[PDB]
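Take a look at the letters that make up each chain.
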Amino acid sequence: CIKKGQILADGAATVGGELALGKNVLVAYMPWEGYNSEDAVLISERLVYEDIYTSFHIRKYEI
Amino acid sequence: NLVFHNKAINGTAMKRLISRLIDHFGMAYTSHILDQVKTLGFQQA
Amino acid sequence: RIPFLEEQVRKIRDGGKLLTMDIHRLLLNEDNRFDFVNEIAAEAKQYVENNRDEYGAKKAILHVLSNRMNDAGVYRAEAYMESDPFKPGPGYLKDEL
């Protein structure tokens, strides 16, 4: 049963009725061999192979 | 032939040294010294 | 003799730092840098005009410079070119991160 105004489906970047634009990840703040010089980040491969940050992009070409 | 330093190095001090080394040894030697100090700094940090 | 400098010496030769040191020696004999750049450019052109097909992986500018150093007594390879002794096989590329 649903009452008027209640949620039925969720859109992209939304989970359970709230805005969700990113992910939660384990992080440490420390210097590492210069890879982080200035403002650069070093990341693990888990993010690549477990698909935490993958996105779909669609383009249109017309004539 | 270099001085032995027993006190801390801060940014002002490194500029003075790079300057002093450029005058005594020249730009070529100084470039190698610089790459080596970089490695040591990154490793310790 | 400092005891453990072997790797640094291998690298200086391999990296191409040798060329940098050489350019500096040679400019210690000259009042105008701009003229020396012009002299080297001319020699390179003569070399390529005379034997065109040698060059392409061997560069003429490098040849002129190696020839100067060898004339003055420091052994340098021709065109500062070094082979990779340990390459796995044909069609294999080193990852110089």
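Residues numbered from 1 in each chain as written, not as in the entry; some residues may be left out. Chains lettered and ligands numbered in written order. Part of a larger assembly, values for the part shown. Heavy atoms only, no water. Residues with missing side-chain atoms left out of burial classes, pairs and counts.

For this deposition, the record names cryo-EM as the technique by which the model was determined and cites 2.7 Å as its resolution.

What the PDB record gives as the title of this entry is "The cryo-EM structure of the Nicotiana tabacum PEP-PAP-TEC1".

The name given to chain A in the PDB entry is DNA-directed RNA polymerase subunit beta, with Nicotiana tabacum as the source organism.

**Structural notes on the packing of helix α1 (residues 11–25) of chain B against helix α2 (residues 27–44) of chain B**
Helix-helix packing is characterised by the crossing angle of the two axes and by the distance between the axes. All names here are of chain B. Counted only if it meets this: In this analysis an axis means a line fitted to C-alpha atoms, helices contributing only their contacting stretch, and an angle means the value between N-to-C directions, from 0 to 180 degrees. Going along the chain from the N terminus, every DSSP run of H or I of four or more residues is numbered as a helix, and every run of E of two or more is numbered as a strand. Here the word oblique covers every angle except those under 35 degrees (roughly parallel), over 145 (roughly antiparallel) and from 65 to 115 (roughly perpendicular). Should any heavy atoms of two residues lie within 4.5 Å, those residues are counted as being in contact.
At a closest axis distance of 7 Å, the pairing of α1 and α2 adopts a crossing angle of 140°. On the basis of their axis angle, the class for α1 and α2 is oblique. Along its contact with α1, which presents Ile18, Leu21, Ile22 and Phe25, the element α2 presents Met27, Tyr29, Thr30, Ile33 and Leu34.

**Section: the side chain of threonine 30 of chain B**
All names here are of chain B. Let me state the cut-off plainly: Here's how the labels work: a residue is buried when its accessible area is under 20% of the maximum for its type, exposed when over 50%, partly exposed in between, all with a 1.4 Å probe on protein chains only.
Checked against the element boundaries, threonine 30 lands in helix α2. Judged by relative accessible area, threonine 30 falls into the buried class, the value being 3%. Sequence-distant contacts of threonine 30, defined by excluding residues within four places in its chain, comprise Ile18, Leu21 and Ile22.

**Considerations on the pattern of salt bridges**
Rules: The salt bridge definition used is simple: a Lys or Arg side-chain nitrogen within 4 Å of an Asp or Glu carboxyl oxygen.
Within the structure shown, the criterion is met by 8 salt bridges over all chains. Residues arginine 46 of chain A and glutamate 50 of chain A are paired through a salt bridge, measuring 3.0 Å at the closest nitrogen-oxygen approach. Its relative accessible area of 33% is what places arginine 46 of chain A among the partly exposed residues. The shortest N-O distance in the salt bridge between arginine 76 of chain C and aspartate 22 of chain C comes to 2.9 Å. Here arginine 76 of chain C is found in the segment after α4 (60–71), whereas its partner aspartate 22 of chain C is found in helix α2 (residues 17–26), with 54 residues between them in sequence.

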